[PDB]
Each structure stands twice: as C-alpha cells, then as structure tokens.
There are 12 protein chains.
Amino acid sequence: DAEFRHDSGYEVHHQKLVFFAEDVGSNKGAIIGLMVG
Amino acid sequence: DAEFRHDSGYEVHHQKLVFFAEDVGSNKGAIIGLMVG
Amino acid sequence: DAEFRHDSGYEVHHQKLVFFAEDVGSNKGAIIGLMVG
Amino acid sequence: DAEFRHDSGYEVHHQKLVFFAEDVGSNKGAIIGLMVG
Amino acid sequence: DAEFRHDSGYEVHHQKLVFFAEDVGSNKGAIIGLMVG
Amino acid sequence: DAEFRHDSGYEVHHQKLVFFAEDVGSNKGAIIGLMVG
Amino acid sequence: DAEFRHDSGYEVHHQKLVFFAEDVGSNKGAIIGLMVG
Amino acid sequence: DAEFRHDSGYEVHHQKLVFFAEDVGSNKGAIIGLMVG
Amino acid sequence: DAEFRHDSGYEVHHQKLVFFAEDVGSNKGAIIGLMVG
Amino acid sequence: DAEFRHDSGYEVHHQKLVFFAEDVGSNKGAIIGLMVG
Amino acid sequence: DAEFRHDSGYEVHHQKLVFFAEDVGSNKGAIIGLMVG
Amino acid sequence: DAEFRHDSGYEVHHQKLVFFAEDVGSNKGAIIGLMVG
C-alpha cells in the first residue's frame, strides 16, 4: 500500500524489463487455521 | 491502495515490459478459519 | 483505491506491455470463516 | 475507486498492451462466513 | 467510482489493447453470511 | 508497504533488468495452524 | 455443477456453521481480454 | 464441479465449523490479458 | 473439481474445525499478461 | 482436483482441527508476465 | 491434484491437529517475468 | 501432486500433531525474472 513510479528520461536500449512485485503469492499476515478455547 | 505512474520521455527500444503487481494472488491479511470459544 | 497514469512521450518500440495489477485474485483483508462464542 | 488515465503522445509500435486491474477476482474486504454469539 | 480517460495523439501500431478493470468479479466489501446474536 | 521508484537519466544499454520483489511467495508473518487450549 | 447435501442425525451443540462455497468470487475459466490477429 | 456431503451421526459438541471452499477468489484457469499476432 | 465428504460417527468434543480449501486465492493456471508476436 | 474425505469413527477429544489446503494463495502454474517476439 | 483421506478408528485424546498443505503460498511452477526476443 | 492418508487404529494420547506440508512457501520450479535476447 504505497506509491509506484517509473519516470523515464533519454533511454536507448534493445530489451528492458521493470518488474515491481510487493506481494505476488504471499499469505502475508494471514492467520490461517487459528483455534482458541 | 496507492498511486501508480509510468511517465515516459524519449525512449527507443525493441522490447519493453513494465509490470507493477502490489497483490497478485495473496491471502494478504486474510484471517482464514479463525475459531474462538 | 488510488490513481493510475500511463502518460506517453516520444516512444519508438516493436513490443511494449504496461500491466498494473493492485489486486488480481487476492482474498485481501477477507475474514473467511470467523466464529466467536 | 480512483482515476485511470492513458494519455498518448507520438507512439510508433507493432504491438502494445496497457492493462490496469485494481481488483480482478478478489474477495477484497469481504467478511465471508462470520458468526458471533 | 472515479473517472476513466484514454486520450490518443499520433499513434501508428498493428495491434493495441487498453483494458481498465476496477472490479471484475470481486465480492468487494461484501459482507456474505454474517450472523450476530 | 513502502514507495518504489525507478527514475532514469541518460542510459545507453543493450539489455537491462530492474526487478524489485518485497514479498514473492512468502508466508510472511502468517500464523499457520496455531492451536491453544 | 454437482449435488450438495447436509443430512443431520442426533446433534447437540451451542454453535455450528456448515459453509460449502464451490466458486465465491472466481473469474474461473474466464478468458478476459483475449486478442488474436 | 463435484459432489459435497456432510452426513452427521451422534455428535455432542460446543462449537463446530465445517467449511468446504473449492474456489474462493481464484482466477483459476483464467487467461487474463492474452495477445497474439 | 472432485468429491468432498465429512461423514461423522460417534463424536464427543468441545471444539472441532474441518476446513477443506482446494483453491482459496490462487491464480491457479492463470496465464496473466501473455504477449506473442 | 481430487477427492477429500474425513470419515470419523469413535472419537472422544477436547479440541480437534482437520485442515486440508491443496492450494491456498499459490500462483500455481501461472505464467505471469510472459513476452515473446 | 491427488486424494486426501483422514479415516479415524477408536481415538481418545485431549488435543489433536491434522494439517495437510500441498501448496500454501507457493509460486509453484509459475514462470514470473519471462522475456524472449 | 500425490495421495495423502492418515488412517488411525486404537490410539490413546494427550496431545498429537500430524502435519504433512509438500510445498509451504516455495517458489518451487518458478522461473523468476528470466531474460533472453
């Protein structure tokens, strides 16, 4: 939950790849299967 | 929940790929299966 | 829940791909199956 | 729930793909199956 | 619930695809099956 | 949950790859299978 | 697309919750945004 | 797409929770954003 | 896509929790963002 | 995509928890972000 | 993608926990970010 | 992707815990960030 920015200037390339992944496939902070008695 | 920006200037390329993924397939903060008694 | 922007200048390319995915398939903040007594 | 913009300038390409997905298939903030007594 | 815009300038391409999906198949904020007593 | 930025100046390259992955496939802080009695 | 059954015998409980969800919020087998030329 | 069954015999409990979820929030087999030329 | 069964005999318990999740939040077999030229 | 079964006989317990999770939050076999030219 | 079974006989216990997790949070076989030219 | 079985006979215990985890949080066979030119 925060800003993403890819600001480009003078670029001359043949292949480029900019990949920002904050959570791709994470049970991040997931309480899975808790039980309390 | 935040801004995304891809501002482009002078670019000369053959292939390019800009992928921003904040949550792709995450049970992020999901309480799954809680039980309390 | 925030702005998305893809502003383009002078671009010369053969293939390009701009993919912004904030939530694609996330039970994000989903309380699934809670029980309290 | 926020603005989307794809403003284009001088572009010369063969294939391009701009995909913004804020929620595609997310039970996002969905309380599913809560029970309280 | 926000503005969408695809403003185009000088574009020369063979295939293009602009897809904005804010909610496609999300029980987003849906309280499903709540019970309180 | 923090800012990402890739601001570019004068770049001349043949291949480039910028990959920021904060959580890719982590049960990060996930309580999985807790039981208390 | 198949049968569901919850047949009950002698049950004595204080809280119970039987939730069968085959597809809740899934773009399941959905071709979204295909393009062919 | 298959049968679900919860057949109950003599049960004496204080809390119980039977949750079958075959697909809850999955882009399962979803071709999202394909492009071919 | 297969059968689920929870057949119960003589059970005496205070808390119980039976959770079968075949796909909960998985882009399972989802081609996301393919491009071919 | 296969059968699940929890068949119960004579059980006397205070807490029990049976959790079968085949895919919970996996981009399992997901081609994410492929590009070919 | 295979059978799961928890068949129970004569059991006398105070706490028990049977957790089968085939994929919980795995980008298992996920090609993430491929590029070919 | 193979069978799981926990078949129980005459058991008398105070605590027991049977946990089978084939992949819990593994980028198992995931090509992450490949680039070819």
# chains A, B, ... in the order shown; residues from 1 in each chain; ligands from 1

call {"tool": "residues_around", "arguments": {"residues": "residue J:19", "least_positions_apart": "2", "cutoff": "7 Å", "atoms": "only C-alpha atoms", "output": "PyMOL selection string"}}
result
(chain I and resi 18-20) or (chain J and resi 17+21) or (chain K and resi 18-20)

call {"tool": "interface_residues", "arguments": {"of": "chain A", "to": "chain H", "cutoff": "12 Å", "atoms": "only C-alpha atoms", "output": "ChimeraX atom specification"}}
result
/A:25,33,35-37

call {"tool": "write_last_selection", "arguments": {"atoms": "C-alpha atoms", "output": "CSV table (one decimal), in the first residue's frame"}}
result
chain,number,residue,atom,x,y,z
A,25,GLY,CA,1.6,-15.2,-3.9
A,33,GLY,CA,-6.3,-22.1,10.8
A,35,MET,CA,-8.2,-22.2,17.1
A,36,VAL,CA,-8.6,-20.9,20.7
A,37,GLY,CA,-10.6,-22.4,23.7

call {"tool": "residues_around", "arguments": {"residues": "residue J:28", "least_positions_apart": "6", "cutoff": "8 Å", "atoms": "only C-alpha atoms", "output": "compact mmCIF listing (two decimals) with N, CA and C atoms, in the first residue's frame"}}
result
# COMPACT_ATOMS: atom_id res chain seq x y z
N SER I 26 -5.89 -18.45 -5.36
CA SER I 26 -4.80 -18.88 -6.26
C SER I 26 -5.07 -18.45 -7.69
N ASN I 27 -4.14 -17.79 -8.37
CA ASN I 27 -4.26 -17.55 -9.83
C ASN I 27 -3.75 -18.88 -10.36
N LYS I 28 -4.49 -19.97 -10.18
CA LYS I 28 -4.00 -21.36 -10.47
C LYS I 28 -4.19 -21.70 -11.94
N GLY I 29 -3.11 -21.64 -12.72
CA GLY I 29 -3.13 -22.00 -14.15
C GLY I 29 -3.57 -20.81 -14.96
N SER K 26 2.87 -20.88 -2.53
CA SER K 26 3.99 -21.21 -3.43
C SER K 26 3.73 -20.69 -4.83
N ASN K 27 4.67 -19.96 -5.44
CA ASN K 27 4.57 -19.61 -6.88
C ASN K 27 5.13 -20.88 -7.50
N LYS K 28 4.41 -22.01 -7.41
CA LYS K 28 4.94 -23.35 -7.80
C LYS K 28 4.79 -23.59 -9.29
N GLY K 29 5.89 -23.44 -10.04
CA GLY K 29 5.90 -23.69 -11.50
C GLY K 29 5.45 -22.46 -12.23
N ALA K 30 5.44 -21.34 -11.50
CA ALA K 30 4.99 -20.06 -12.05
C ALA K 30 6.15 -19.50 -12.83

call {"tool": "residues_around", "arguments": {"residues": "residue I:13", "least_positions_apart": "3", "cutoff": "9 Å", "atoms": "only C-alpha atoms", "output": "list in words"}}
result
residues 11, 12, 13, 14 and 15 of chain H; 16 of chain I; 11, 12, 13, 14, 15 and 16 of chain J

call {"tool": "write_last_selection", "arguments": {"atoms": "N, CA and C atoms", "output": "CSV table (one decimal), in the first residue's frame"}}
result
chain,number,residue,atom,x,y,z
H,11,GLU,N,-23.5,-36.6,17.4
H,11,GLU,CA,-22.4,-35.6,17.7
H,11,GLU,C,-22.9,-34.8,19.0
H,12,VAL,N,-22.0,-34.6,19.9
H,12,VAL,CA,-22.2,-33.8,21.1
H,12,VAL,C,-21.0,-32.9,21.2
H,13,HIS,N,-21.1,-31.6,21.0
H,13,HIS,CA,-20.0,-30.6,20.8
H,13,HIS,C,-20.5,-29.3,21.4
H,14,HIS,N,-19.6,-28.3,21.5
H,14,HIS,CA,-19.9,-26.9,22.0
H,14,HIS,C,-19.8,-26.0,20.8
H,15,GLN,N,-18.8,-26.1,20.0
H,15,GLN,CA,-18.6,-25.3,18.7
H,15,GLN,C,-18.2,-26.3,17.7
I,16,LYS,N,-14.4,-28.3,17.4
I,16,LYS,CA,-13.9,-29.1,16.2
I,16,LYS,C,-13.9,-28.1,15.0
J,11,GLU,N,-14.7,-41.2,18.5
J,11,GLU,CA,-13.7,-40.2,18.8
J,11,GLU,C,-14.1,-39.5,20.1
J,12,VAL,N,-13.3,-39.3,21.1
J,12,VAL,CA,-13.6,-38.6,22.4
J,12,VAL,C,-12.4,-37.6,22.5
J,13,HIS,N,-12.5,-36.3,22.4
J,13,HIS,CA,-11.4,-35.3,22.4
J,13,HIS,C,-12.0,-34.1,23.1
J,14,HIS,N,-11.1,-33.1,23.2
J,14,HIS,CA,-11.5,-31.7,23.8
J,14,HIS,C,-11.3,-30.7,22.7
J,15,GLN,N,-10.3,-30.8,21.9
J,15,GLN,CA,-10.2,-29.9,20.7
J,15,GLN,C,-9.6,-30.7,19.6
J,16,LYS,N,-10.1,-30.5,18.3
J,16,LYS,CA,-9.6,-31.2,17.1
J,16,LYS,C,-9.6,-30.2,16.0

call {"tool": "atom_distance", "arguments": {"atom1": "atom CA of residue F:8", "atom2": "atom CA of residue A:7"}}
result
6.4 Å

call {"tool": "residues_around", "arguments": {"residues": "residue L:2", "least_positions_apart": "6", "cutoff": "9 Å", "atoms": "only C-alpha atoms", "output": "list in words"}}
result
residues 1, 2, 3, 4 and 22 of chain K

call {"tool": "write_last_selection", "arguments": {"atoms": "N, CA and C atoms", "output": "PDB file, in the first residue's frame"}}
result
ATOM      1  N   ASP K   1      -2.935 -32.065  -6.813  1.00  0.00           N
ATOM      2  CA  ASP K   1      -4.065 -32.713  -7.535  1.00  0.00           C
ATOM      3  C   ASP K   1      -4.076 -34.219  -7.261  1.00  0.00           C
ATOM      4  N   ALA K   2      -4.403 -34.644  -6.034  1.00  0.00           N
ATOM      5  CA  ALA K   2      -4.438 -36.070  -5.639  1.00  0.00           C
ATOM      6  C   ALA K   2      -5.333 -36.238  -4.413  1.00  0.00           C
ATOM      7  N   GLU K   3      -5.718 -37.467  -4.071  1.00  0.00           N
ATOM      8  CA  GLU K   3      -6.691 -37.742  -2.982  1.00  0.00           C
ATOM      9  C   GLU K   3      -6.174 -37.312  -1.612  1.00  0.00           C
ATOM     10  N   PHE K   4      -7.055 -36.955  -0.677  1.00  0.00           N
ATOM     11  CA  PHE K   4      -6.711 -36.665   0.737  1.00  0.00           C
ATOM     12  C   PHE K   4      -7.641 -37.585   1.533  1.00  0.00           C
ATOM     13  N   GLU K  22      -0.621 -28.955   0.568  1.00  0.00           N
ATOM     14  CA  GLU K  22       0.130 -29.496  -0.598  1.00  0.00           C
ATOM     15  C   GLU K  22       0.835 -28.242  -1.125  1.00  0.00           C
TER      16      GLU K  22
END

call {"tool": "atom_distance", "arguments": {"atom1": "atom CA of residue G:6", "atom2": "atom CA of residue B:31"}}
result
25.6 Å

call {"tool": "select_by_dssp", "arguments": {"residues": "chain L", "states": "strand (DSSP E)", "output": "number ranges by chain"}}
result
L: 4-5, 11-12, 18-24, 31-32

call {"tool": "atom_distance", "arguments": {"atom1": "atom CA of residue H:32", "atom2": "atom CA of residue K:24"}}
result
22.7 Å

call {"tool": "decode", "arguments": {"residues": "stretch 3-36 of chain I", "atoms": "N, CA and C atoms", "output": "CSV table (one decimal), in the first residue's frame"}}
result
chain,number,residue,atom,x,y,z
I,3,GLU,N,-14.9,-34.9,-5.5
I,3,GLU,CA,-15.9,-35.0,-4.4
I,3,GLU,C,-15.3,-34.5,-3.0
I,4,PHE,N,-16.2,-34.1,-2.1
I,4,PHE,CA,-15.8,-33.7,-0.7
I,4,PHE,C,-16.7,-34.5,0.2
I,5,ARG,N,-16.3,-35.1,1.3
I,5,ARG,CA,-17.2,-35.8,2.2
I,5,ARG,C,-16.7,-35.7,3.6
I,6,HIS,N,-17.6,-35.4,4.6
I,6,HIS,CA,-17.3,-35.4,6.0
I,6,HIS,C,-18.4,-36.2,6.6
I,7,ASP,N,-18.2,-37.5,6.7
I,7,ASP,CA,-19.2,-38.4,7.3
I,7,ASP,C,-18.8,-38.6,8.7
I,8,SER,N,-19.7,-38.4,9.7
I,8,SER,CA,-19.4,-38.4,11.1
I,8,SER,C,-20.1,-39.6,11.9
I,9,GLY,N,-19.4,-40.3,12.8
I,9,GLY,CA,-19.9,-41.4,13.6
I,9,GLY,C,-20.2,-40.9,15.0
I,10,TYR,N,-19.8,-41.6,16.1
I,10,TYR,CA,-19.9,-41.2,17.5
I,10,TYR,C,-18.8,-40.2,17.8
I,11,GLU,N,-19.1,-38.9,18.0
I,11,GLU,CA,-18.1,-37.9,18.3
I,11,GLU,C,-18.5,-37.2,19.5
I,12,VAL,N,-17.6,-37.0,20.5
I,12,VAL,CA,-17.9,-36.2,21.8
I,12,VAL,C,-16.7,-35.3,21.9
I,13,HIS,N,-16.9,-34.0,21.7
I,13,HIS,CA,-15.7,-33.0,21.6
I,13,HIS,C,-16.2,-31.7,22.3
I,14,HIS,N,-15.4,-30.7,22.4
I,14,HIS,CA,-15.7,-29.3,22.9
I,14,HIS,C,-15.6,-28.3,21.8
I,15,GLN,N,-14.5,-28.4,21.0
I,15,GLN,CA,-14.4,-27.6,19.7
I,15,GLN,C,-13.9,-28.5,18.6
I,16,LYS,N,-14.4,-28.3,17.4
I,16,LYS,CA,-13.9,-29.1,16.2
I,16,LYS,C,-13.9,-28.1,15.0
I,17,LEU,N,-13.0,-28.4,14.0
I,17,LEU,CA,-13.0,-27.4,12.9
I,17,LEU,C,-12.5,-28.3,11.7
I,18,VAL,N,-13.3,-28.4,10.6
I,18,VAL,CA,-13.0,-29.3,9.5
I,18,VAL,C,-13.0,-28.3,8.3
I,19,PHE,N,-11.8,-28.0,7.7
I,19,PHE,CA,-11.7,-26.9,6.7
I,19,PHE,C,-11.0,-27.6,5.5
I,20,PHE,N,-11.7,-27.8,4.4
I,20,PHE,CA,-11.1,-28.3,3.1
I,20,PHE,C,-11.1,-27.1,2.2
I,21,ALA,N,-9.9,-26.7,1.6
I,21,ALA,CA,-9.8,-25.5,0.8
I,21,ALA,C,-9.0,-26.1,-0.4
I,22,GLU,N,-9.5,-26.2,-1.6
I,22,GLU,CA,-8.8,-26.8,-2.7
I,22,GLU,C,-8.1,-25.6,-3.4
I,23,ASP,N,-8.7,-24.5,-3.6
I,23,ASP,CA,-8.1,-23.2,-4.1
I,23,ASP,C,-8.8,-22.1,-3.4
I,24,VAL,N,-8.0,-21.4,-2.5
I,24,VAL,CA,-8.5,-20.2,-1.8
I,24,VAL,C,-7.5,-19.2,-2.3
I,25,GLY,N,-7.8,-18.3,-3.2
I,25,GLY,CA,-6.9,-17.2,-3.6
I,25,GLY,C,-5.7,-17.6,-4.4
I,26,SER,N,-5.9,-18.4,-5.4
I,26,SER,CA,-4.8,-18.9,-6.3
I,26,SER,C,-5.1,-18.5,-7.7
I,27,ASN,N,-4.1,-17.8,-8.4
I,27,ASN,CA,-4.3,-17.6,-9.8
I,27,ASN,C,-3.7,-18.9,-10.4
I,28,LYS,N,-4.5,-20.0,-10.2
I,28,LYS,CA,-4.0,-21.4,-10.5
I,28,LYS,C,-4.2,-21.7,-11.9
I,29,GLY,N,-3.1,-21.6,-12.7
I,29,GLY,CA,-3.1,-22.0,-14.2
I,29,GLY,C,-3.6,-20.8,-15.0
I,30,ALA,N,-3.5,-19.6,-14.3
I,30,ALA,CA,-4.0,-18.4,-15.0
I,30,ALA,C,-2.8,-17.9,-15.8
I,31,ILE,N,-3.0,-17.8,-17.1
I,31,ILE,CA,-2.0,-17.1,-17.9
I,31,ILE,C,-2.3,-15.7,-17.7
I,32,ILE,N,-1.5,-14.9,-16.9
I,32,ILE,CA,-1.8,-13.5,-16.7
I,32,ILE,C,-0.8,-12.7,-17.6
I,33,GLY,N,-1.2,-11.8,-18.4
I,33,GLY,CA,-0.3,-10.9,-19.2
I,33,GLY,C,0.6,-11.6,-20.2
I,34,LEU,N,0.1,-12.6,-21.0
I,34,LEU,CA,0.9,-13.2,-22.1
I,34,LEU,C,0.9,-12.2,-23.3
I,35,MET,N,2.0,-12.2,-24.1
I,35,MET,CA,2.1,-11.4,-25.3
I,35,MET,C,2.9,-12.2,-26.3
I,36,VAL,N,2.5,-12.4,-27.5
I,36,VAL,CA,3.2,-13.2,-28.6
I,36,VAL,C,3.2,-12.4,-29.9
